[PDB]
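Dumped upload05.pdb below, it's PDB, C-alpha atoms and all ligand atoms:
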ATOM      1  CA  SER A   4     -34.277 -22.541 -12.317
ATOM      2  CA  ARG A   5     -33.706 -20.980 -15.799
ATOM      3  CA  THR A   6     -31.091 -19.094 -18.001
ATOM      4  CA  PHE A   7     -31.867 -16.129 -15.659
ATOM      5  CA  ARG A   8     -28.435 -16.465 -13.934
ATOM      6  CA  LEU A   9     -26.819 -16.897 -17.437
ATOM      7  CA  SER A  10     -28.054 -13.290 -18.123
ATOM      8  CA  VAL A  11     -27.582 -11.860 -14.585
ATOM      9  CA  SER A  12     -23.882 -12.927 -14.726
ATOM     10  CA  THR A  13     -23.697 -11.291 -18.243
ATOM     11  CA  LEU A  14     -24.938  -8.047 -16.598
ATOM     12  CA  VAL A  15     -22.261  -8.422 -13.845
ATOM     13  CA  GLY A  16     -19.728  -8.953 -16.653
ATOM     14  CA  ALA A  17     -20.784  -5.878 -18.654
ATOM     15  CA  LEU A  18     -20.973  -3.710 -15.477
ATOM     16  CA  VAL A  19     -17.441  -4.635 -14.303
ATOM     17  CA  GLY A  20     -16.184  -3.953 -17.853
ATOM     18  CA  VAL A  21     -17.471  -0.333 -17.661
ATOM     19  CA  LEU A  22     -16.112   0.098 -14.096
ATOM     20  CA  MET A  23     -12.710  -1.189 -15.311
ATOM     21  CA  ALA A  24     -12.797   1.024 -18.429
ATOM     22  CA  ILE A  25     -13.127   4.172 -16.183
ATOM     23  CA  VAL A  26     -10.467   2.981 -13.595
ATOM     24  CA  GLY A  27      -8.196   2.318 -16.655
ATOM     25  CA  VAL A  28      -8.661   5.992 -17.761
ATOM     26  CA  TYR A  29      -7.631   7.091 -14.219
ATOM     27  CA  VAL A  30      -4.553   4.747 -14.389
ATOM     28  CA  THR A  31      -3.403   6.260 -17.728
ATOM     29  CA  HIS A  32      -3.812   9.786 -16.271
ATOM     30  CA  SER A  33      -2.076   9.020 -12.871
ATOM     31  CA  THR A  34       1.119   8.235 -14.886
ATOM     32  CA  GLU A  35       0.917  10.623 -17.919
ATOM     33  CA  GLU A  36      -0.012  13.801 -15.991
ATOM     34  CA  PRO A  37       3.272  13.865 -13.917
ATOM     35  CA  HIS A  38       5.346  12.812 -17.000
ATOM     36  CA  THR A  39       3.835  15.743 -19.067
ATOM     37  CA  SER A  40       4.729  18.324 -16.382
ATOM     38  CA  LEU A  41       8.216  16.736 -15.972
ATOM     39  CA  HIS A  42       8.723  16.996 -19.778
ATOM     40  CA  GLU A  43       7.773  20.745 -19.875
ATOM     41  CA  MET A  44      10.073  21.189 -16.815
ATOM     42  CA  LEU A  45      12.982  19.659 -18.861
ATOM     43  CA  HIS A  46      12.473  21.994 -21.871
ATOM     44  CA  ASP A  47      12.215  25.149 -19.675
ATOM     45  CA  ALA A  48      15.208  24.353 -17.361
ATOM     46  CA  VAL A  49      17.677  22.209 -19.365
ATOM     47  CA  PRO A  50      19.484  23.266 -22.609
ATOM     48  CA  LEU A  51      20.575  21.314 -25.793
ATOM     49  CA  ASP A  52      23.803  23.068 -27.109
ATOM     50  CA  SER A  53      25.069  19.620 -28.455
ATOM     51  CA  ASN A  54      21.538  18.969 -29.995
ATOM     52  CA  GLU A  55      20.333  16.216 -27.636
ATOM     53  CA  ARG A  56      16.810  17.444 -28.681
ATOM     54  CA  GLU A  57      17.323  15.374 -31.904
ATOM     55  CA  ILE A  58      17.941  12.155 -29.810
ATOM     56  CA  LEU A  59      15.357  12.902 -27.017
ATOM     57  CA  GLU A  60      12.401  13.491 -29.442
ATOM     58  CA  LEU A  61      12.959   9.962 -30.907
ATOM     59  CA  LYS A  62      13.206   8.419 -27.355
ATOM     60  CA  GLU A  63       9.836  10.097 -26.441
ATOM     61  CA  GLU A  64       8.148   8.788 -29.640
ATOM     62  CA  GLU A  65       9.492   5.287 -28.757
ATOM     63  CA  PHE A  66       8.078   5.668 -25.214
ATOM     64  CA  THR A  67       4.610   6.887 -26.373
ATOM     65  CA  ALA A  68       4.483   3.679 -28.505
ATOM     66  CA  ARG A  69       5.439   1.384 -25.517
ATOM     67  CA  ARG A  70       2.927   3.339 -23.409
ATOM     68  CA  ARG A  71       0.202   2.662 -26.088
ATOM     69  CA  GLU A  72       0.979  -1.105 -26.136
ATOM     70  CA  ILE A  73       0.925  -1.506 -22.287
ATOM     71  CA  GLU A  74      -2.358   0.505 -22.345
ATOM     72  CA  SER A  75      -3.763  -2.039 -24.872
ATOM     73  CA  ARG A  76      -2.627  -4.973 -22.605
ATOM     74  CA  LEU A  77      -4.461  -3.298 -19.649
ATOM     75  CA  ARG A  78      -7.741  -3.072 -21.694
ATOM     76  CA  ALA A  79      -7.346  -6.784 -22.653
ATOM     77  CA  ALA A  80      -6.561  -7.801 -18.994
ATOM     78  CA  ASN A  81      -9.668  -5.877 -17.780
ATOM     79  CA  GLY A  82     -11.662  -7.562 -20.592
ATOM     80  CA  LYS A  83     -10.561 -11.060 -19.465
ATOM     81  CA  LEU A  84     -11.579 -10.088 -15.876
ATOM     82  CA  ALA A  85     -14.987  -8.821 -17.171
ATOM     83  CA  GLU A  86     -15.485 -12.175 -19.039
ATOM     84  CA  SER A  87     -14.313 -14.383 -16.072
ATOM     85  CA  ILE A  88     -16.729 -12.791 -13.503
ATOM     86  CA  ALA A  89     -19.445 -13.234 -16.246
ATOM     87  CA  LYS A  90     -18.704 -17.016 -15.946
ATOM     88  CA  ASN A  91     -18.409 -17.328 -12.098
ATOM     89  CA  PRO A  92     -19.159 -14.153 -10.035
ATOM     90  CA  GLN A  93     -16.857 -15.009  -7.042
ATOM     91  CA  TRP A  94     -13.132 -15.218  -6.045
ATOM     92  CA  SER A  95     -12.319 -18.345  -8.122
ATOM     93  CA  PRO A  96      -8.738 -19.212  -9.425
ATOM     94  CA  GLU A  97      -9.942 -17.741 -12.798
ATOM     95  CA  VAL A  98     -10.639 -14.307 -11.138
ATOM     96  CA  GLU A  99      -7.559 -14.585  -8.824
ATOM     97  CA  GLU A 100      -5.328 -14.830 -11.985
ATOM     98  CA  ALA A 101      -7.298 -12.222 -14.061
ATOM     99  CA  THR A 102      -7.066  -9.668 -11.172
ATOM    100  CA  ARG A 103      -3.274 -10.102 -10.643
ATOM    101  CA  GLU A 104      -2.937  -9.718 -14.477
ATOM    102  CA  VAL A 105      -4.723  -6.276 -14.279
ATOM    103  CA  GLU A 106      -2.432  -5.255 -11.326
ATOM    104  CA  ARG A 107       0.621  -6.276 -13.454
ATOM    105  CA  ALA A 108      -0.440  -4.203 -16.527
ATOM    106  CA  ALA A 109      -1.100  -1.158 -14.270
ATOM    107  CA  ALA A 110       2.344  -1.620 -12.543
ATOM    108  CA  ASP A 111       4.134  -2.168 -15.902
ATOM    109  CA  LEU A 112       2.696   1.150 -17.056
ATOM    110  CA  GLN A 113       4.017   3.038 -13.953
ATOM    111  CA  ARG A 114       7.390   1.198 -14.177
ATOM    112  CA  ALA A 115       7.798   1.989 -17.930
ATOM    113  CA  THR A 116       7.141   5.715 -17.265
ATOM    114  CA  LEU A 117       9.728   5.601 -14.455
ATOM    115  CA  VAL A 118      12.414   3.868 -16.588
ATOM    116  CA  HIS A 119      11.708   6.347 -19.475
ATOM    117  CA  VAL A 120      12.354   9.293 -17.070
ATOM    118  CA  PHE A 121      15.912   7.923 -16.286
ATOM    119  CA  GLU A 122      16.394   6.809 -19.913
ATOM    120  CA  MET A 123      15.807  10.490 -20.956
ATOM    121  CA  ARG A 124      18.364  11.915 -18.426
ATOM    122  CA  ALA A 125      20.830   9.211 -19.588
ATOM    123  CA  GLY A 126      20.921  10.731 -23.121
ATOM    124  CA  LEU A 127      22.127  14.085 -21.710
ATOM    125  CA  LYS A 128      25.603  15.717 -21.594
ATOM    126  CA  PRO A 129      26.919  15.671 -17.932
ATOM    127  CA  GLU A 130      26.753  19.557 -17.795
ATOM    128  CA  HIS A 131      22.957  19.279 -18.463
ATOM    129  CA  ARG A 132      22.369  16.127 -16.292
ATOM    130  CA  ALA A 133      23.426  18.183 -13.194
ATOM    131  CA  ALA A 134      20.983  21.001 -14.182
ATOM    132  CA  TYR A 135      18.190  18.401 -14.760
ATOM    133  CA  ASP A 136      18.845  16.875 -11.285
ATOM    134  CA  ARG A 137      18.971  20.323  -9.556
ATOM    135  CA  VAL A 138      15.521  21.278 -11.008
ATOM    136  CA  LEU A 139      13.970  17.895  -9.946
ATOM    137  CA  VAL A 140      14.771  18.532  -6.201
ATOM    138  CA  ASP A 141      13.582  22.216  -6.384
ATOM    139  CA  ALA A 142      10.165  21.144  -7.855
ATOM    140  CA  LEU A 143       9.321  17.973  -5.826
ATOM    141  CA  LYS A 144      10.159  19.415  -2.321
ATOM    142  CA  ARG A 145       8.562  22.891  -2.901
TER
ATOM    143  CA  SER B   4     -44.797   9.392 -11.790
ATOM    144  CA  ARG B   5     -42.988   7.874  -8.707
ATOM    145  CA  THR B   6     -39.832   7.768  -6.402
ATOM    146  CA  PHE B   7     -38.189   6.138  -9.500
ATOM    147  CA  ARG B   8     -35.742   9.084  -9.891
ATOM    148  CA  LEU B   9     -35.135   8.983  -6.056
ATOM    149  CA  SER B  10     -33.787   5.397  -6.668
ATOM    150  CA  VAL B  11     -32.122   6.069 -10.086
ATOM    151  CA  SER B  12     -30.017   8.814  -8.409
ATOM    152  CA  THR B  13     -29.268   6.281  -5.557
ATOM    153  CA  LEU B  14     -27.982   3.895  -8.314
ATOM    154  CA  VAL B  15     -25.776   6.741  -9.698
ATOM    155  CA  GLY B  16     -24.592   7.277  -6.100
ATOM    156  CA  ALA B  17     -23.810   3.577  -5.473
ATOM    157  CA  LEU B  18     -22.104   3.249  -8.911
ATOM    158  CA  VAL B  19     -19.761   6.228  -8.286
ATOM    159  CA  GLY B  20     -19.069   4.806  -4.792
ATOM    160  CA  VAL B  21     -17.821   1.515  -6.366
ATOM    161  CA  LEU B  22     -15.792   3.442  -8.995
ATOM    162  CA  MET B  23     -14.189   5.527  -6.200
ATOM    163  CA  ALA B  24     -13.673   2.439  -3.969
ATOM    164  CA  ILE B  25     -11.653   0.687  -6.759
ATOM    165  CA  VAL B  26      -9.661   3.859  -7.762
ATOM    166  CA  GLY B  27      -8.845   4.341  -4.062
ATOM    167  CA  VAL B  28      -7.611   0.714  -3.717
ATOM    168  CA  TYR B  29      -5.475   1.180  -6.880
ATOM    169  CA  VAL B  30      -4.047   4.457  -5.449
ATOM    170  CA  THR B  31      -3.057   2.899  -2.104
ATOM    171  CA  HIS B  32      -1.525  -0.098  -3.891
ATOM    172  CA  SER B  33       0.282   1.838  -6.736
ATOM    173  CA  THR B  34       2.290   3.607  -4.018
ATOM    174  CA  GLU B  35       2.693   1.099  -1.147
ATOM    175  CA  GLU B  36       3.513  -2.037  -3.187
ATOM    176  CA  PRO B  37       6.662  -0.523  -4.876
ATOM    177  CA  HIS B  38       7.747   1.233  -1.646
ATOM    178  CA  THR B  39       7.528  -2.058   0.384
ATOM    179  CA  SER B  40       9.566  -4.042  -2.180
ATOM    180  CA  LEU B  41      12.031  -1.087  -2.540
ATOM    181  CA  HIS B  42      12.488  -1.064   1.264
ATOM    182  CA  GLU B  43      13.221  -4.863   1.440
ATOM    183  CA  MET B  44      15.523  -4.355  -1.619
ATOM    184  CA  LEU B  45      17.487  -1.689   0.397
ATOM    185  CA  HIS B  46      17.981  -3.966   3.455
ATOM    186  CA  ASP B  47      19.089  -6.978   1.308
ATOM    187  CA  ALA B  48      21.478  -5.047  -1.038
ATOM    188  CA  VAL B  49      22.799  -2.034   0.934
ATOM    189  CA  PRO B  50      24.834  -2.215   4.220
ATOM    190  CA  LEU B  51      24.969   0.093   7.359
ATOM    191  CA  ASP B  52      28.627  -0.079   8.711
ATOM    192  CA  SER B  53      28.291   3.606   9.969
ATOM    193  CA  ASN B  54      24.813   2.724  11.503
ATOM    194  CA  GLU B  55      22.574   4.645   9.077
ATOM    195  CA  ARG B  56      19.889   2.080  10.163
ATOM    196  CA  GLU B  57      19.466   4.253  13.342
ATOM    197  CA  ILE B  58      18.692   7.387  11.178
ATOM    198  CA  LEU B  59      16.686   5.583   8.397
ATOM    199  CA  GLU B  60      14.238   3.840  10.827
ATOM    200  CA  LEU B  61      13.219   7.291  12.217
ATOM    201  CA  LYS B  62      12.817   8.736   8.641
ATOM    202  CA  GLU B  63      10.519   5.762   7.733
ATOM    203  CA  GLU B  64       8.388   6.221  10.906
ATOM    204  CA  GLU B  65       8.055   9.943   9.982
ATOM    205  CA  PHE B  66       7.004   8.957   6.433
ATOM    206  CA  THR B  67       4.450   6.292   7.556
ATOM    207  CA  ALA B  68       2.833   9.086   9.650
ATOM    208  CA  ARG B  69       2.655  11.550   6.671
ATOM    209  CA  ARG B  70       1.408   8.649   4.509
ATOM    210  CA  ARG B  71      -1.354   7.914   7.114
ATOM    211  CA  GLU B  72      -2.502  11.573   7.175
ATOM    212  CA  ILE B  73      -2.645  11.952   3.330
ATOM    213  CA  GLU B  74      -4.504   8.589   3.262
ATOM    214  CA  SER B  75      -7.062  10.017   5.738
ATOM    215  CA  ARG B  76      -7.480  13.178   3.532
ATOM    216  CA  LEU B  77      -8.123  10.884   0.489
ATOM    217  CA  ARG B  78     -10.882   8.911   2.356
ATOM    218  CA  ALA B  79     -12.470  12.238   3.461
ATOM    219  CA  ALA B  80     -12.217  13.698  -0.095
ATOM    220  CA  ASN B  81     -13.877  10.561  -1.584
ATOM    221  CA  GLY B  82     -16.510  10.776   1.201
ATOM    222  CA  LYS B  83     -17.314  14.439   0.408
ATOM    223  CA  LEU B  84     -17.608  13.445  -3.308
ATOM    224  CA  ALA B  85     -19.959  10.541  -2.351
ATOM    225  CA  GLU B  86     -22.109  12.973  -0.254
ATOM    226  CA  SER B  87     -22.118  15.796  -2.912
ATOM    227  CA  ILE B  88     -23.389  13.536  -5.780
ATOM    228  CA  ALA B  89     -26.021  12.288  -3.218
ATOM    229  CA  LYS B  90     -27.228  15.963  -3.091
ATOM    230  CA  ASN B  91     -27.050  16.844  -6.857
ATOM    231  CA  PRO B  92     -26.103  14.002  -9.276
ATOM    232  CA  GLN B  93     -24.449  16.233 -11.972
ATOM    233  CA  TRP B  94     -21.276  18.317 -12.663
ATOM    234  CA  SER B  95     -22.115  21.159 -10.220
ATOM    235  CA  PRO B  96     -19.434  23.468  -8.578
ATOM    236  CA  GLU B  97     -19.808  21.188  -5.473
ATOM    237  CA  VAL B  98     -18.725  18.086  -7.528
ATOM    238  CA  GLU B  99     -16.145  20.098  -9.587
ATOM    239  CA  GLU B 100     -14.335  21.000  -6.285
ATOM    240  CA  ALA B 101     -14.814  17.546  -4.626
ATOM    241  CA  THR B 102     -13.332  15.766  -7.713
ATOM    242  CA  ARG B 103     -10.213  18.027  -7.968
ATOM    243  CA  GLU B 104      -9.765  17.460  -4.182
ATOM    244  CA  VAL B 105      -9.666  13.618  -4.736
ATOM    245  CA  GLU B 106      -7.136  14.082  -7.624
ATOM    246  CA  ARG B 107      -4.952  16.281  -5.332
ATOM    247  CA  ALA B 108      -4.944  13.776  -2.412
ATOM    248  CA  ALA B 109      -4.025  10.941  -4.815
ATOM    249  CA  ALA B 110      -1.173  13.034  -6.351
ATOM    250  CA  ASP B 111       0.093  14.205  -2.912
ATOM    251  CA  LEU B 112       0.300  10.549  -1.862
ATOM    252  CA  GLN B 113       2.384   9.525  -4.927
ATOM    253  CA  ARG B 114       4.578  12.668  -4.621
ATOM    254  CA  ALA B 115       5.242  12.079  -0.868
ATOM    255  CA  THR B 116       6.300   8.453  -1.549
ATOM    256  CA  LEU B 117       8.598   9.652  -4.340
ATOM    257  CA  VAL B 118      10.259  12.376  -2.190
ATOM    258  CA  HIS B 119      10.665   9.848   0.708
ATOM    259  CA  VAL B 120      12.520   7.432  -1.643
ATOM    260  CA  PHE B 121      15.165  10.167  -2.440
ATOM    261  CA  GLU B 122      15.102  11.444   1.166
ATOM    262  CA  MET B 123      16.120   7.882   2.282
ATOM    263  CA  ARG B 124      19.052   7.607  -0.215
ATOM    264  CA  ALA B 125      20.157  11.126   0.899
ATOM    265  CA  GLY B 126      20.841   9.826   4.461
ATOM    266  CA  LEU B 127      23.342   7.254   3.120
ATOM    267  CA  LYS B 128      27.184   7.220   3.044
ATOM    268  CA  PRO B 129      28.392   7.777  -0.614
ATOM    269  CA  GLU B 130      29.880   4.179  -0.684
ATOM    270  CA  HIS B 131      26.319   2.836  -0.031
ATOM    271  CA  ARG B 132      24.484   5.424  -2.265
ATOM    272  CA  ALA B 133      26.334   3.966  -5.326
ATOM    273  CA  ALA B 134      25.292   0.396  -4.291
ATOM    274  CA  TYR B 135      21.677   1.571  -3.760
ATOM    275  CA  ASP B 136      21.638   3.198  -7.250
ATOM    276  CA  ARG B 137      23.207   0.103  -8.950
ATOM    277  CA  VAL B 138      20.467  -2.198  -7.498
ATOM    278  CA  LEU B 139      17.640   0.240  -8.557
ATOM    279  CA  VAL B 140      18.607  -0.005 -12.306
ATOM    280  CA  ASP B 141      19.043  -3.850 -12.117
ATOM    281  CA  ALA B 142      15.497  -4.276 -10.621
ATOM    282  CA  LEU B 143      13.402  -1.745 -12.637
ATOM    283  CA  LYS B 144      14.730  -2.710 -16.151
ATOM    284  CA  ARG B 145      14.720  -6.534 -15.575
TER
HETATM  285  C1  LIG A 201      -6.966 -18.031  -2.275
HETATM  286  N1  LIG A 201      -5.774 -17.440  -1.585
HETATM  287  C2  LIG A 201      -6.236 -16.702  -0.364
HETATM  288  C3  LIG A 201      -4.876 -18.558  -1.151
HETATM  289  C4  LIG A 201      -4.982 -16.530  -2.519
HETATM  290  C5  LIG A 201      -5.719 -15.343  -3.110
HETATM  291  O1  LIG A 201      -4.895 -14.163  -2.927
HETATM  292  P1  LIG A 201      -5.165 -13.099  -1.715
HETATM  293  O2  LIG A 201      -6.641 -12.848  -1.578
HETATM  294  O3  LIG A 201      -4.542 -13.716  -0.456
HETATM  295  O4  LIG A 201      -4.376 -11.831  -2.076
HETATM  296  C1  LIG A 202     -11.274  25.081 -14.673
HETATM  297  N1  LIG A 202     -12.431  24.809 -13.759
HETATM  298  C2  LIG A 202     -12.520  23.334 -13.513
HETATM  299  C3  LIG A 202     -12.174  25.495 -12.454
HETATM  300  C4  LIG A 202     -13.737  25.355 -14.323
HETATM  301  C5  LIG A 202     -14.100  24.941 -15.736
HETATM  302  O1  LIG A 202     -15.469  24.466 -15.717
HETATM  303  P1  LIG A 202     -15.838  22.932 -16.122
HETATM  304  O2  LIG A 202     -15.345  22.654 -17.506
HETATM  305  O3  LIG A 202     -15.192  22.036 -15.056
HETATM  306  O4  LIG A 202     -17.361  22.822 -15.999
HETATM  307 ZN    ZN A 203       9.566  12.194 -21.235
HETATM  308 ZN    ZN A 204      25.153  23.956 -21.568
HETATM  309 ZN    ZN A 205      21.398  15.346 -36.829
HETATM  310 ZN    ZN A 206      10.068  17.303 -26.084
HETATM  311 ZN    ZN A 207      -0.435  -6.193  -5.797
HETATM  312 ZN    ZN A 208      11.247   3.723   2.552
HETATM  313 ZN    ZN A 209      14.669  -9.857   1.325
HETATM  314 ZN    ZN A 210      30.294  -0.433   3.211
HETATM  315 ZN    ZN A 211      13.669  -0.696   7.579
HETATM  316 ZN    ZN A 212      -5.703  15.653 -13.355
END
Just give me the structure as structure tokens.
Amino acid sequence: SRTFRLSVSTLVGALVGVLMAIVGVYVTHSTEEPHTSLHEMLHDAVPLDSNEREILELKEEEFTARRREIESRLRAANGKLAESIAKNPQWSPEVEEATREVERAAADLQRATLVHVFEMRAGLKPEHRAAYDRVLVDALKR
Amino acid sequence: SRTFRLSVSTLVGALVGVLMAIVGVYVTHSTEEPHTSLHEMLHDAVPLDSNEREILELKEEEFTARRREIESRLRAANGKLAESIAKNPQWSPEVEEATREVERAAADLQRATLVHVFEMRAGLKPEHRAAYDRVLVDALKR
């Protein structure tokens, strides 16, 4: 027996890190892609005669920042999972916790996008809110 | 000089298979987990004094069926991607198509869950719709 396992585990660690990095890119796309189309949909269908555009653009910049910080937390959670499997490559309490922590960051990204979507429609004049709701139904169903 | 490439490609194959396996698990969880909690949340917070329970249970059974069929399409799309890279391990038209097909199945799963969620609240008495909306805000934000 030698430091052979102490380098095989390091490989397992590095390998899971890369796997996670890619999955993480898919996670960030599975949330941003629908939000981007929904944003273009808002500009094309809903007006701004009381200049809600002023308010909305700030709200979006605030969201992109929160999005960036959850994204960072997800890279760190994946990193702690990569490092924990590099210590003990099995379902230990260390991995159990590190996995749930990845699931949480991924969920908190999807939840934050979802709250932003309703936060955006909140900052709209009732006349426009009805038009925003009517275009949501028309696009999701068809 | 040897079947070295015929085992390097097999590594590429196995590696993409693991990537896909994880992505797939994330996809099935990113949709089911919120829906399950949202369903329990409906039963605990919203009543049924006009027996909407009768209607809703049928709507859910119809959804679980559509969910099962999109889920099957996603396993088949991942399978055709696994088999195509096993033929030519590069960005060929075969892979180009098979990848877009995986993306579509994943999106169609998330979209179907989302439409179901609004389809469920549609079949509710206005008195209950307001209670269902008030509990959604309280749970997502906090
Ligand atoms: C070890 N354990 C089985 C009790 C908990 C680990 O979580 P899970 O594998 O049941 O999701
Ligand atoms: C747009 N497209 C995916 C159909 C073709 C573009 O080619 P490629 O950039 O995927 O190689
Ligand atoms: Zn937005
Ligand atoms: Zn107007
Ligand atoms: Zn101004
Ligand atoms: Zn904008
Ligand atoms: Zn979970
Ligand atoms: Zn439901
Ligand atoms: Zn309950
Ligand atoms: Zn009632
Ligand atoms: Zn039920
Ligand atoms: Zn895409």
Exercise. Tell me, as a PyMOL selection string, which residues lie within 12 Å of residue A:87, counting only C-alpha atoms; anything in the same chain fewer than 2 positions away does not count.
Key: chain A and resi 12-13+15-17+19-20+80-85+89-102
Quiz item: Hey, which of B:9, B:48, B:140, B:119 ends up closest to ligand ZN 210 (chain A)? Count only C-alpha atoms and all ligand atoms.
Solution: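 With only C-alpha atoms and all ligand atoms as the atom set, the closest residue is B:48.
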Practice problem: Compute the set of protein, DNA and RNA residues whose minimum atom distance to ligand ZN 210 (chain A) is at most 7 Å, using all atoms listed in the file, and state it as a PyMOL selection string. | Solution: chain B and resi 50-52+130-131
With 4 Å of padding per side, what axis-aligned box (centre and edge lengths, Å, one decimal) covers all the listed atoms of stretch 76-79 of chain B? Give it as AutoDock Vina command-line options.
--center_x -10.0 --center_y 11.0 --center_z 2.0 --size_x 13.0 --size_y 12.3 --size_z 11.0
Practice problem: Select all residues from chain A having any atom no more than 8 Å from an atom of chain B (counting only C-alpha atoms, ignoring ligands), output as a list in words. | Solution: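 For chain A, the answer reads residues 22, 25, 26, 29, 33, 110, 114, 118, 143 and 144 of chain A.
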Practice problem: Using atom ZN of ligand ZN 208 (chain A) and atom CA of residue B:134 as the two end points, give the distance in Å to one decimal. | Solution: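 Distance reported for this atom pair: 16.0 Å.
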Practice problem: Work out how far apart atom CA of residue B:132 and atom CA of residue A:49 are and give it in Å to one decimal. | Solution: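 Taking atom CA of residue B:132 and atom CA of residue A:49, their separation equals 24.9 Å.
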Practice problem: Report as a list in words the residues that result from applying the PyMOL selection byres (((not hetatm)) within 7 of (chain A and resi 208)) to the structure here. | Solution: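 Listing what the PyMOL selection byres (((not hetatm)) within 7 of (chain A and resi 208)) selects in the shown file: residues 38, 42, 63, 119, 120 and 123 of chain B.
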Quiz item: What residues have any atom no more than 9 Å from ligand ZN 205 (chain A) when counting only C-alpha atoms and all ligand atoms, and can you list them as an MDAnalysis selection string?
Solution: chainID A and resid 54 57:58
Dump C-alpha atoms for the selected residues as a tab-separated table (two decimals), in the coordinates of the input?
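Now in again_2.tsv:
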chain	number	residue	atom	x	y	z
A	54	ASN	CA	21.54	18.97	-30.00
A	57	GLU	CA	17.32	15.37	-31.90
A	58	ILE	CA	17.94	12.16	-29.81
Practice problem: Return as number ranges by chain the set of residues that the PyMOL selection byres (((not hetatm)) within 10 of (chain A and resi 211)) yields on the displayed structure. | Solution: B: 39, 42-43, 45-46, 56-57, 59-64
Practice problem: Rounded to one decimal place, report the atom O1 of ligand LIG 201 (chain A)-atom CA of residue B:142 distance in Å. | Solution: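 That distance, rounded to one decimal, is 23.9 Å.
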Self-check item: Explicit residue set for the PyMOL selection byres (((chain B and resi 73) around 9) and not hetatm), as a list in words
Solution: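 Against this file, the PyMOL selection byres (((chain B and resi 73) around 9) and not hetatm) returns the residues residues 68, 69, 70, 71, 72, 74, 75, 76, 77, 78, 108, 109, 111, 112 and 115 of chain B.
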